[PDB]
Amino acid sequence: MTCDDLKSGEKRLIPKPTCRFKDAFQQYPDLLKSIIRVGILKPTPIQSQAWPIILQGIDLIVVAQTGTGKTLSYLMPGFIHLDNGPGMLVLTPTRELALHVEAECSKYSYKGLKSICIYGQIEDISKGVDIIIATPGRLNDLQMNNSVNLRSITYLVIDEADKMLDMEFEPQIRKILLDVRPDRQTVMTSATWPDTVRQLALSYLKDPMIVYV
């Protein structure tokens, strides 16, 4: 596992890993209690590095395949960022992944946080929602149809961006991010880091760091 500052100009110190939940989230007893109740033992390597970076308000690229704990890498700090529609948006390439993310979300949710999983409905989004987990296709069609307000989103995750590219979802994603506000925090995940994904990434992130398993 490597970590770097990809900002132009002066490089910033890399926050120290937080190898215990307590070290990342001691400030947030309700999130800790939620973790304790689930009964997992320790942060995964990428969690231990991703968390302190996101908590400092720095945009992050995580390059990592499934099984490494990448979901909680971006979900936990998103919960903290939340405490006017949803404030958090997670874009996933497929229904299966959206469902996977939504399942982790509701397993670890506390302080009456509400999430919705949206894929290929409007009524639940018309009531209060804090977190949207969505495929780009269905979410784009919803904004066009005036069904969803994205203007309160300040925490955005783009999950599996290489898959997003293979699937040619760039036009839909670009259009969704337009309704999202520019002063936002952004995390991006990807299983790979070729030049096309690097270019895409920088079209989403400002002054980002990277964690690369």
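All residue numbers are counted from 1 along the displayed sequence.
Count the deposited residues lacking coordinates between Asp83 and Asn84 and you get 4 to 9 of them. The modelled chain is continuous from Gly128 to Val129, since every residue of the deposited sequence in that stretch has coordinates. Mean C-alpha B-factor is higher over 22-30 than over the other stretch, the pair under comparison being 22-30 and 154-162.
Note on 136-144 vs 84-92: mean CA B-factor is higher in 136-144. Note on the listed residues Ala103, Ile116, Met76, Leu97: the highest Cα temperature factor in the record is that of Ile116. Among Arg37, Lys70, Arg184, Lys42, the highest C-alpha B-factor recorded in the PDB entry belongs to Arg184.
Placement of the Cα temperature factor of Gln56 within the chain: lowest third of the modelled residues, per the deposited record. In the deposited entry, the Cα temperature factor of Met188 places it in the middle third of its chain's modelled residues.
In the PDB entry, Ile173 places in the middle third of its chain by CA B-factor. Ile46: CA B factor in the lowest third of modelled residues in this chain (values from the PDB entry).
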